[PDB]
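The chain below stands alone, shown as structure tokens; this is the form solved without the named molecule.
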């Protein structure tokens, strides 16, 4: 997360770390047994880490659970990053508490100019390499589709939105792929891509979760 702040420990209780010997992506807890992340975060042998703040120290609140199953969206295109969404089933149910909570699925899509919260652990620098150990946060509006498609001509589909600032400086890219974008108490986004990091007229590009709620509910209930 470039150009934000330290959330505070356990202030984003739905935030998940996907670990494969190291932290490689974020995710969101949508119920005791399921996580949603990005399809470009697909690996084998994932461990899901809940209740984290500092990913390098065991601060007491953690829950470490092996993933039993991963489901990538049937229409995921890894070239265009269209339908960049994946579902991860926990081997054992998470124990929900003050620090470990679910986030709700949208009943409807969010509109432009709606403020959202984007959280994650990744690269804080637009130029160079600096990985934070603690959860970071950014508040950013959803930009209008016009403003989005203009920044990435012929790259943006219906299943994407942009958030942040047209001037750059503040963005998420490498700053946690797969991470949540929460607007008015609902999961509206997943950190998908963005050209460079926090560049001028290069916003972040998010998977538009409200398009997928039917897929998510049908998949989860059948698996």
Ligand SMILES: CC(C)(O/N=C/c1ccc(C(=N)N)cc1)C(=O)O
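Positions refer to the first chain, counted from 1.
The following text describes the form solved in complex with the named molecule, which does not appear among the structures shown.
Remark: blocked binding site. Placing the named molecule in the entry with it bound onto this structure by local C-alpha superposition gives 3 or more atoms within 2.4 Å of a backbone or C-beta atom. For the options 94, 101, 71, 81, the one in contact with the named molecule in the entry with it bound, meaning a heavy atom within 4.5 Å, is 81. Using a 4.5 angstroms heavy atom cutoff to the named molecule in the entry with it bound, all of 173, 177 and 191 count as contacting. The closest heavy atom approach of residue 35 to the named molecule in the entry with it bound falls outside 4.5 Å.
For the chain shown alone, residue 197 is a contact residue for the named molecule in the entry with it bound, at least one non-hydrogen atom being within 4.5 angstroms.
Heavy atoms closer than or equal to 4.5 Å to the named molecule in the entry with it bound belong, across 31-51, to one residue only: 40.
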